[PDB]
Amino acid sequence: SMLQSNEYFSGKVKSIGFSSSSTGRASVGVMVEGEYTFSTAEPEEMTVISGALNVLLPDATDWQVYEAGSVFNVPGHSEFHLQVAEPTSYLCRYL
């Protein structure tokens, strides 16, 4: 199995990518305070492990605050937006 460390946005997001039978392709990582735009290929399932994300999804008007334990889904071939206050850890699965 391959594990790889990834960095995005000048180091403000860092993750470990992997693949397993139970998750499919996935990442676990952390984001620090900031505002970020992400583009998906496959649809993505995001789980907030610790901290919180303000989430704007493409097909719905309102931002929503997702605290630790919450899960949201992003469609494929789409753009979504996040805002972060305290460092926030997450699991992302590429569905």
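From 1 onward, residues are counted along the sequence shown.
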Notebook entry, point to check: Do the CA atoms of 53-61 or those of 29-37 have the higher mean B-factor in the entry?
Noted result: 53-61
Notebook entry, point to check: By the record's CA B-factor, is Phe72 among the lowest, middle or highest third of residues in the chain?
Noted result: middle
Check: Lowest, middle or highest third: where is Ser22 by Cα B-factor in its chain?
Finding: highest
Checklist line | Third assignment of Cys92 from its chain's C-alpha B-factors | finding: middle
Next item on the list: Grab the CA temperature factor for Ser10 from the record and place it in the lowest, middle or highest third of its chain.
Entry: highest
Item checked: Ranked against its chain, the third holding the CA B-factor of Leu82 -> middle
